[PDB]
Amino acid sequence: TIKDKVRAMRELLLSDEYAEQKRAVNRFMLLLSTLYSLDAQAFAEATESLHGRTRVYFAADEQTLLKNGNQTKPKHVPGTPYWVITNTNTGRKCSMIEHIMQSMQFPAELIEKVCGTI
DNA sequence: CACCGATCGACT
DNA sequence: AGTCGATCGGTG
């Protein structure tokens, strides 16, 4: 099932829906949603350790996010009990995906390929 | 210094 | 109007 999680992400990068995403934030959201469905638990853990200095990065409610940082442009993550801040440059959306994908035990080359498409 | 925040400009 | 997200000022 790690071989399967890898296959899935690889398929996603090839999928039409992924291609359909117009901007980085759009790909970012679809990356998160896909990651979850693969392993809700691991995504839960990987997420606890993911936060900023003064901003929470992930929470189960728009409220918590809007409450710790100034403007974070929170956005619910489709098919998920989570919310994530969106007011971040591309390099930081990559850091986030990297953190999460390392925690979920994905190979490095895949992570590198994923981030390169954000 | 390397990392983070969030303003405010670019593009629609 | 609204969204995105690079740039640059903060900070530890």
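Method of determination, as given in the entry header: X-ray crystallography; reported resolution: 2.65 Å.

Per the PDB entry, chain A goes by the name SeqA protein and belongs to Escherichia coli. This entry appears in the Protein Data Bank under the title "CRYSTAL STRUCTURE OF E. COLI SEQA COMPLEXED WITH HEMIMETHYLATED DNA". In UniProt, chain A has this text filed under Subunit: "Homodimer. Polymerizes to form helical filaments." Quoted straight from UniProt, the Subcellular location entry for chain A says "Cytoplasm".

Enquirer: Even after reading the chapter, I still don't get helix α1 (residues 2–14), so can you show me in this structure?
Expert: Counting along an α-helix, one turn takes 3.6 residues, and residues three or four places apart therefore face a common direction. Look at α1: 18 Å from first C-alpha to last across 13 residues, which is about the 18 Å you get at 1.5 Å a residue. All of the buried residues in α1 are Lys 5, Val 6, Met 9 and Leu 12. For α1, the angular spread of buried residues about the axis comes to 120°, placing them on one side. Opposite its buried face, α1 presents the exposed residues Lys 3, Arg 7 and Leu 14, each directed more than 90 degrees away. The secondary structure elements touched by the buried residues of α1 are α2 (16–20), α3 (24–38), α6 (90–103) and α7 (108–115).

Rules used throughout
Residues numbered from 1 in each chain as written, not as in the entry; some residues may be left out. Chains lettered and ligands numbered in written order. Heavy atoms only, no water. UniProt positions renumbered as here; feature names shortened; annotations may be inferred. Helix = DSSP H or I, 4+ residues; strand = E, 2+ residues; numbered from the N terminus. Expected span 1.5 Å × (residues − 1). Buried < 20%, exposed > 50% of the residue type's maximum accessible area, 1.4 Å probe, protein only. Arc of directions from axis to C-beta. Contact = heavy atoms within 4.5 Å.

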